[PDB]
There are 2 protein chains.
Amino acid sequence: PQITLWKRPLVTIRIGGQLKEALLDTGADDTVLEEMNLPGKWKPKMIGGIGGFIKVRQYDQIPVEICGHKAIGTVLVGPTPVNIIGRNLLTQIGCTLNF
Amino acid sequence: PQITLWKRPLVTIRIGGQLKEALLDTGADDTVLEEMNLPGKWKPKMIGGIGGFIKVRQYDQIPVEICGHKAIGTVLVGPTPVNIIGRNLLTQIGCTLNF
């Protein structure tokens, strides 16, 4: 798709049987999803932004379906209001910024 | 141009006759830049991110050049990890996400 930025670029993602709304975010290095219980082992990691750092859990090789595209990678889970798909997955589905 | 996301999408902007680098962030609604003295009256503003709430200085109708495309709009100045160009000025320059 071509997505315009008049409004926040919310997209449908699917992780497991979970269907979810997610922000496609070029400004984020990592993908951080709201609190969910994924399988596998997890490292704690600190990530930051406007305001500070929050502690999240890091899970690897988690498959996420972004608009008909399968991406699999590191997903961080922690107390974010909004699901964030960052550059680690966006490169996987071929996403690009153009102007 | 078409910008790929293997690397952070860092760009050179020109604001107040000064060249700065800035992240193109589809995840942000607003443009917020490191502490700098711009001319204008400014209103105190409060915003929030992955970490939370903060105080910024808001400036209206600031001209910004982003890779030689010019935009004119609001710029918030405050303690951000990295200068970011948000959707308020990425729409002005006709930026899109594509995959």
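Thresholds, definitions, all that
Residues numbered from 1 in each chain as written, not as in the entry; some residues may be left out. Chains lettered and ligands numbered in written order. Part of a larger assembly, values for the part shown. Heavy atoms only, no water. Residues with missing side-chain atoms left out of burial classes, pairs and counts. UniProt positions renumbered as here; feature names shortened; annotations may be inferred. Helix = DSSP H or I, 4+ residues; strand = E, 2+ residues; numbered from the N terminus. Contact = heavy atoms within 4.5 Å. Polar contact = N/O pair within 3.5 Å; in protein donor to acceptor, adjacent residues only side chain to side chain. Nonpolar A, V, L, I, M, F, W, Y, C, P; charged D, E, K, R; others polar. Pairing = 2+ DSSP bridges.

As summarised from the PDB record, the model derives from X-ray crystallography at a stated resolution of 2.3 Å.

Mapped onto the present numbering, the UniProt feature "active site" falls at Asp25(A). Inspection of the secondary structure assignment puts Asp25(A) in the loop between β3 (18-24) and β4 (32-33). Setting aside chain neighbours within four positions, we find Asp25(A) in contact with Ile84(A), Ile85(A), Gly86(A), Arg87(A), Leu90(A), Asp25(B), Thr26(B) and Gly27(B). At 2.9 Å, the side chain of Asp25(A) forms a polar contact with the backbone nitrogen of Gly27(A).

Opposite the 35 residues of chain A that make contact, chain B presents 36 residues. Class assignment of the residues belonging to the side of chain A that touches chain B gives a composition of 16 nonpolar, 14 polar and five charged. Here three bridges tie strand β9 (residues 96-98) of chain A to strand β9 (residues 96-98) of chain B, and the two strands are oriented antiparallel to one another. Within β9(B), the position partnered with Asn98(A) by the bridge is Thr96(B).

To continue, consider the environment of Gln92(B). All names here are of chain B. Mapping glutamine 92 onto the fold places it in the loop between α1 (87-90) and β9. Placed 22 residues apart in sequence, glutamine 92 and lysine 70 show a C-alpha to C-alpha distance of 8.1 Å. When near neighbours in sequence (up to four residues on either side) are disregarded, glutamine 92 contacts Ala71, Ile72 and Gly73. Within polar-contact distance, the side chain of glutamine 92 engages the backbone nitrogen of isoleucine 72 at 3.0 Å.

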